[PDB]
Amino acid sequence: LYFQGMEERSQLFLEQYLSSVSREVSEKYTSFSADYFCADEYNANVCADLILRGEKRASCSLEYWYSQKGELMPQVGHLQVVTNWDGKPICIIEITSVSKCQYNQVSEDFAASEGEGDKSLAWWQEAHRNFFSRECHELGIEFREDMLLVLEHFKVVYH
């Protein structure tokens, strides 16, 4: 009932996970999606694998999407089928926490949880400033370092 329109490969994979847990556990889930991470093939595929392996355990996005563009906030307990660029399911993640912080207040520990490149805050900054500047242009605003982010932490539950 909750994900009839999901792309078939990812729907099948998600059904495998739900069937591999007890009815009590599967029936609690109410929020589902299927997507890749990032905006390019190289990083989508690297990130799916980092997530698979437990190296990438967090992500973030501009809060502007939710407060101004009306996107639904991420929820604890959400399941995402993590695909590669080409839509092949790689793993399933469950959101474990959601919070907010300014871009310029992102910590070294959060950058390390995101797990990309050398895990440093400098690498995290270079990557995110670029990506968020592009999104901001399409949104019709300029990126500022004081903008709020939505931080998500998550865990692998299936692969």
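Heads up: residue numbers just count along the shown sequence, starting at 1.
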note = Entry B factor averaged over C-alpha atoms, 24-32 against 88-96: higher for 24-32
query = With respect to the recorded C-alpha B factors, which stretch has the higher mean value, 12-20 or 140-148?
reply = 140-148
Deposited CA B-factor, highest of 118, 126, 41, 49 = 126
remark   = Highest CA B factor of 67, 113, 105, 61, as deposited, is found at 67
inquiry  = Can you tell me whether residue 3 has a C-alpha B-factor in the lowest, middle or highest third compared with the other modelled residues of the same chain?
reply    = middle
ask   = With respect to C-alpha B-factor, does residue 73 fall in the lowest, middle or highest third of the chain as deposited?
value = highest
note = Of the three thirds of the chain ranked by Cα temperature factor, residue 53 occupies the middle
